[PDB]
file target03.csv (CSV, N, CA, C and O atoms and all ligand atoms)
chain,number,residue,atom,x,y,z
I,1001,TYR,N,2.4,2.3,-11.6
I,1001,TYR,CA,3.0,1.1,-11.2
I,1001,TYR,C,2.1,0.7,-10.0
I,1001,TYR,O,0.9,0.3,-10.1
I,1002,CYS,N,2.7,0.7,-8.8
I,1002,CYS,CA,1.9,0.4,-7.6
I,1002,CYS,C,2.5,1.3,-6.5
I,1002,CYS,O,3.6,1.9,-6.6
I,1003,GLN,N,1.8,1.4,-5.4
I,1003,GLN,CA,2.2,2.3,-4.3
I,1003,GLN,C,3.0,1.6,-3.3
I,1003,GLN,O,2.7,0.5,-2.8
I,1004,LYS,N,4.2,2.1,-3.0
I,1004,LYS,CA,5.2,1.5,-2.1
I,1004,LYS,C,4.8,1.8,-0.7
I,1004,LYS,O,3.9,2.5,-0.3
I,1005,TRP,N,5.6,1.1,0.2
I,1005,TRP,CA,5.4,1.3,1.7
I,1005,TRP,C,5.4,2.8,2.0
I,1005,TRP,O,6.2,3.6,1.6
I,1006,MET,N,4.3,3.1,2.8
I,1006,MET,CA,4.1,4.5,3.3
I,1006,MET,C,3.8,5.5,2.2
I,1006,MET,O,3.6,6.7,2.5
I,1007,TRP,N,3.5,5.1,1.0
I,1007,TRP,CA,3.0,5.9,-0.1
I,1007,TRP,C,1.5,6.0,0.1
I,1007,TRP,O,0.8,5.0,0.6
I,1008,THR,N,0.9,7.1,-0.3
I,1008,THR,CA,-0.6,7.1,-0.3
I,1008,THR,C,-1.2,6.1,-1.3
I,1008,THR,O,-0.5,5.7,-2.2
I,1009,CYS,N,-2.4,5.7,-1.0
I,1009,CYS,CA,-3.1,4.7,-1.8
I,1009,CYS,C,-4.6,4.9,-1.9
I,1009,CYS,O,-5.1,5.5,-1.0
I,1010,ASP,N,-5.2,4.4,-2.9
I,1010,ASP,CA,-6.6,4.6,-3.1
I,1010,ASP,C,-7.1,3.5,-4.0
I,1010,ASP,O,-6.4,2.6,-4.4
I,1011,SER,N,-8.4,3.6,-4.5
I,1011,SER,CA,-9.0,2.5,-5.2
I,1011,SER,C,-8.2,2.2,-6.5
I,1011,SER,O,-8.2,1.0,-6.9
I,1012,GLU,N,-7.6,3.2,-7.2
I,1012,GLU,CA,-6.9,3.1,-8.5
I,1012,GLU,C,-5.4,2.9,-8.3
I,1012,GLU,O,-4.7,2.4,-9.2
I,1013,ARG,N,-4.9,3.4,-7.2
I,1013,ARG,CA,-3.5,3.4,-6.9
I,1013,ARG,C,-3.3,2.4,-5.7
I,1013,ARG,O,-3.3,2.8,-4.6
I,1014,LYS,N,-3.1,1.1,-6.1
I,1014,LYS,CA,-3.1,0.0,-5.1
I,1014,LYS,C,-1.7,-0.2,-4.6
I,1014,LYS,O,-0.7,0.1,-5.3
I,1015,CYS,N,-1.6,-0.7,-3.4
I,1015,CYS,CA,-0.4,-1.0,-2.8
I,1015,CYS,C,0.3,-2.2,-3.5
I,1015,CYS,O,-0.3,-3.1,-4.0
I,1016,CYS,N,1.6,-2.1,-3.6
I,1016,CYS,CA,2.4,-3.2,-4.1
I,1016,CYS,C,2.3,-4.5,-3.3
I,1016,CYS,O,1.7,-4.4,-2.1
I,1017,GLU,N,2.7,-5.6,-3.8
I,1017,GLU,CA,2.6,-6.9,-3.3
I,1017,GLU,C,3.0,-6.9,-1.8
I,1017,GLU,O,4.0,-6.4,-1.4
I,1018,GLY,N,2.2,-7.6,-1.0
I,1018,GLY,CA,2.5,-7.8,0.4
I,1018,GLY,C,2.1,-6.7,1.3
I,1018,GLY,O,2.3,-6.7,2.5
I,1019,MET,N,1.4,-5.7,0.7
I,1019,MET,CA,1.0,-4.5,1.5
I,1019,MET,C,-0.5,-4.3,1.3
I,1019,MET,O,-1.1,-4.8,0.3
I,1020,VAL,N,-1.1,-3.5,2.2
I,1020,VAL,CA,-2.5,-3.3,2.2
I,1020,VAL,C,-2.7,-1.8,2.5
I,1020,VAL,O,-2.0,-1.1,3.2
I,1021,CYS,N,-3.8,-1.2,1.8
I,1021,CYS,CA,-4.0,0.2,1.9
I,1021,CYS,C,-4.8,0.6,3.1
I,1021,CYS,O,-5.9,0.2,3.3
I,1022,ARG,N,-4.2,1.4,4.0
I,1022,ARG,CA,-4.9,2.1,5.1
I,1022,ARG,C,-4.6,3.6,5.1
I,1022,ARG,O,-3.8,4.1,5.9
I,1023,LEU,N,-5.1,4.2,4.0
I,1023,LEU,CA,-4.7,5.5,3.5
I,1023,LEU,C,-3.3,5.7,2.9
I,1023,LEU,O,-3.1,6.3,1.9
I,1024,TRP,N,-2.4,5.1,3.6
I,1024,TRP,CA,-1.0,4.8,3.2
I,1024,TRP,C,-0.8,3.3,3.2
I,1024,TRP,O,-1.5,2.5,3.9
I,1025,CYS,N,0.2,2.8,2.4
I,1025,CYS,CA,0.4,1.4,2.3
I,1025,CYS,C,1.2,0.9,3.5
I,1025,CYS,O,2.2,1.4,3.9
I,1026,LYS,N,0.6,-0.2,4.1
I,1026,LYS,CA,1.2,-0.9,5.3
I,1026,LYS,C,1.5,-2.3,4.9
I,1026,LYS,O,0.9,-2.9,4.1
I,1027,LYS,N,2.5,-2.9,5.6
I,1027,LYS,CA,2.8,-4.3,5.5
I,1027,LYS,C,1.7,-5.2,6.0
I,1027,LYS,O,1.3,-5.0,7.1
I,1028,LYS,N,1.3,-6.1,5.2
I,1028,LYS,CA,0.3,-7.2,5.7
I,1028,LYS,C,1.0,-8.2,6.6
I,1028,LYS,O,2.1,-8.6,6.2
I,1029,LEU,N,0.4,-8.6,7.7
I,1029,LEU,CA,1.0,-9.7,8.4
I,1029,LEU,C,0.8,-11.0,7.5
I,1029,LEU,O,1.7,-11.8,7.4
I,1030,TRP,N,-0.4,-11.1,7.0
I,1030,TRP,CA,-0.7,-12.2,6.0
I,1030,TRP,C,-2.0,-11.8,5.3
I,1030,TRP,O,-2.7,-10.9,5.7
Y,1101,CL,CL,4.0,-1.3,8.7
Y,1102,CL,CL,-2.4,-6.3,8.7
call {"tool": "encode", "arguments": {"input": "target03.csv", "output": "structure tokens", "more": "lines below"}}
Ligand SMILES: [Cl-]
Ligand SMILES: [Cl-]
result
Amino acid sequence: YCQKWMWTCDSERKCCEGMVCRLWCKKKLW
């Protein structure tokens, strides 16, 4: 599916909508 808030993330395991990968998924400001 996609990686949720604070889940690990990488090139293939992308963060869910509204988040950005910084090793773990973080909320985007925009
Ligand atoms: Cl955050
Ligand atoms: Cl950000």
call {"tool": "residues_near_point", "arguments": {"input": "target03.csv", "point": "(-1.0, -10.7, 7.2)", "cutoff": "9 Å", "atoms": "only C-alpha atoms", "output": "VMD selection string"}}
result
chain I and resid 1018 to 1019 1027 to 1030
call {"tool": "select_by_dssp", "arguments": {"input": "target03.csv", "residues": "chain I", "states": "strand (DSSP E)", "output": "list in words"}}
result
residues 1019, 1020, 1021, 1022, 1024, 1025, 1026 and 1027 of chain I
call {"tool": "closest_residue", "arguments": {"input": "target03.csv", "among": "I:1025, I:1015, I:1006, I:1020", "to": "ligand CL 1102 (chain Y)", "atoms": "only C-alpha atoms and all ligand atoms"}}
result
I:1020
call {"tool": "residues_around", "arguments": {"input": "target03.csv", "residues": "residue I:1013", "least_positions_apart": "4", "cutoff": "8 Å", "atoms": "only N, CA, C and O atoms", "output": "short mmCIF file (atom, residue, chain, number, x, y, z; two decimals) with N, CA, C and O atoms, in the coordinates of the input"}}
result
data_model
loop_
_atom_site.label_atom_id
_atom_site.label_comp_id
_atom_site.auth_asym_id
_atom_site.auth_seq_id
_atom_site.Cartn_x
_atom_site.Cartn_y
_atom_site.Cartn_z
N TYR I 1001 2.40 2.30 -11.60
CA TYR I 1001 3.00 1.10 -11.20
C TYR I 1001 2.10 0.70 -10.00
O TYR I 1001 0.90 0.30 -10.10
N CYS I 1002 2.70 0.70 -8.80
CA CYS I 1002 1.90 0.40 -7.60
C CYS I 1002 2.50 1.30 -6.50
O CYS I 1002 3.60 1.90 -6.60
N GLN I 1003 1.80 1.40 -5.40
CA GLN I 1003 2.20 2.30 -4.30
C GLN I 1003 3.00 1.60 -3.30
O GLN I 1003 2.70 0.50 -2.80
N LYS I 1004 4.20 2.10 -3.00
CA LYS I 1004 5.20 1.50 -2.10
C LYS I 1004 4.80 1.80 -0.70
O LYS I 1004 3.90 2.50 -0.30
N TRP I 1007 3.50 5.10 1.00
CA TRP I 1007 3.00 5.90 -0.10
C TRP I 1007 1.50 6.00 0.10
O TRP I 1007 0.80 5.00 0.60
N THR I 1008 0.90 7.10 -0.30
CA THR I 1008 -0.60 7.10 -0.30
C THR I 1008 -1.20 6.10 -1.30
O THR I 1008 -0.50 5.70 -2.20
N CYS I 1009 -2.40 5.70 -1.00
CA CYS I 1009 -3.10 4.70 -1.80
C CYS I 1009 -4.60 4.90 -1.90
O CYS I 1009 -5.10 5.50 -1.00
N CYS I 1021 -3.80 -1.20 1.80
CA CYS I 1021 -4.00 0.20 1.90
C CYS I 1021 -4.80 0.60 3.10
O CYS I 1021 -5.90 0.20 3.30
N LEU I 1023 -5.10 4.20 4.00
CA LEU I 1023 -4.70 5.50 3.50
C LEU I 1023 -3.30 5.70 2.90
O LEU I 1023 -3.10 6.30 1.90
N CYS I 1025 0.20 2.80 2.40
CA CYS I 1025 0.40 1.40 2.30
C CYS I 1025 1.20 0.90 3.50
O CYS I 1025 2.20 1.40 3.90
#
call {"tool": "atom_distance", "arguments": {"input": "target03.csv", "atom1": "atom C of residue I:1012", "atom2": "atom CL of ligand CL 1102 (chain Y)"}}
result
19.6 Å
call {"tool": "atom_distance", "arguments": {"input": "target03.csv", "atom1": "atom O of residue I:1014", "atom2": "atom N of residue I:1026"}}
result
9.5 Å
